[PDB]
């Protein structure tokens, strides 16, 4: 759909997410991910990575149990299926770090609060960055900030049971270091 087309073109055919021929990529989705957007994105990733690469598609609630090989992914994309509104727990970030290879990169999108609210599980941008660091990632950087569309606002209501006036999307990246 249009959301996925926008994602594809604006990221240089996903080159800006490190997607290219031969890359091993995992795409993490959840029930907030529109099915057509997920299928559309997977189709594009399969075309880009080709026969020598790999696209593994994982629901966030199945990721831990899927028990992928340690250090087997070049790129992991999470929360990025257009329309998704997904929160990433410390446990999920740690598992992502485990299955990335050293030098592998996570690109993550998560709706965050502009200010701290201890009544909701939504984080701030700062706390989310620290979560990536504690999971073991390095070169942790914020790449983009976006407002939510009305549908994504509804999605946060429906799927995260949360209502706020400071909900922005942040896109963050982090890299797995070699073991020390």
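Positions refer to the first chain, counted from 1.
Review point. Averaged over C-alpha atoms, is the B-factor higher for 31-39 or for 147-155 in this PDB entry?
Key: Comparing 31-39 with 147-155, the higher average CA B-factor belongs to 147-155.
Exercise for review: Using the B-factors recorded in the PDB entry, average over the C-alpha atoms of 128-136 and of 65-73, then report which stretch comes out higher.
Suggested key: According to the PDB entry, the answer is 128-136.
Exercise for review: Can you pull the Cα B-factors for 59, 119, 46, 56 from the entry and say which is highest?
Suggested key: Of 59, 119, 46, 56, 119 has the highest C-alpha B-factor.
Exercise for review: Comparing against every modelled residue in the chain, figure out the third that the C-alpha B-factor of residue 160 lands in (lowest, middle or highest).
Suggested key: Highest third - that is where residue 160 ends up once the chain's C-alpha B-factors are sorted.
Check your understanding: Hey, what third does residue 21 fall into on Cα B-factor, ranked over its chain?
Key -> Bottom third by C-alpha B-factor.
Review point. Lowest, middle or highest third: where is residue 167 by C-alpha B factor in its chain?
Key: Highest third.
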